[PDB]
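Below you will find one chain, with nothing else, as structure tokens; this is the form deposited in one PDB entry, and questions on how it binds or moves follow later.
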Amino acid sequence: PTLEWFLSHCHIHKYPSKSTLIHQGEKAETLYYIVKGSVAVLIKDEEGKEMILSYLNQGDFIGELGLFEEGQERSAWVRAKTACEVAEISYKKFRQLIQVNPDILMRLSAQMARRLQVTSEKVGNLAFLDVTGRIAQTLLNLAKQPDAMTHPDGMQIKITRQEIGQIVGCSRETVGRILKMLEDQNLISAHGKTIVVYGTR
């Protein structure tokens, strides 16, 4: 009912898999709703290396943060992961639809709320950032060395908690906590004395 009404006001596009729906830096004037399929939100570095921030799926909106600004540009790339059917609608026109039936905005807002509910907003204090940075730096320096090992997800390195702690000036209590964090953030995997530093080469 609500969704079908909403969908009739959208342009519904098909994107085959691997195609790019949204360029970072593009003008943000539209809202998207995923009718079917999945897309990756991603960023790239100065060499084209890629980091996938998340997948969005059927029932998800894309670009909803733009609805509340005035004309900022897209902050990331969006690329079809499977063949996708994406409803698109101008922010301007969506602002009018919300008046006829706030229920679709209540859906968009629930998504933001769920998202926010699973995101840490807490950062640590400056000493914590500082020591997180030293570790990250240590990992990356290691991954650059001639005897770094190759791995399917980046370079792999051999180094212990103790060794990092001493290199960097902190406890294992502290090496462990940061490494687990980095792992939960999808930047590394660490098993035993081995760490895979993702996207190094």
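When you see a residue number, it is the position in the sequence shown, counting from 1.
A second form of this protein, the form deposited in another entry, is not displayed here; the remarks below concern that form.
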Rigid part versus rigid part between the shown form and the other one; hinge residue out of 118, 150, 169, 147
118
Report the direction of the Cα distance change between residue 187 and residue 57 in that other deposited form, compared with the displayed form, as closer or farther; the change is 3 Å or more.
closer
Using the form shown as baseline, tell whether residue 57 and residue 119 are closer or farther in Cα-Cα distance in that other deposited form, where the change reaches 3 Å or more.
closer
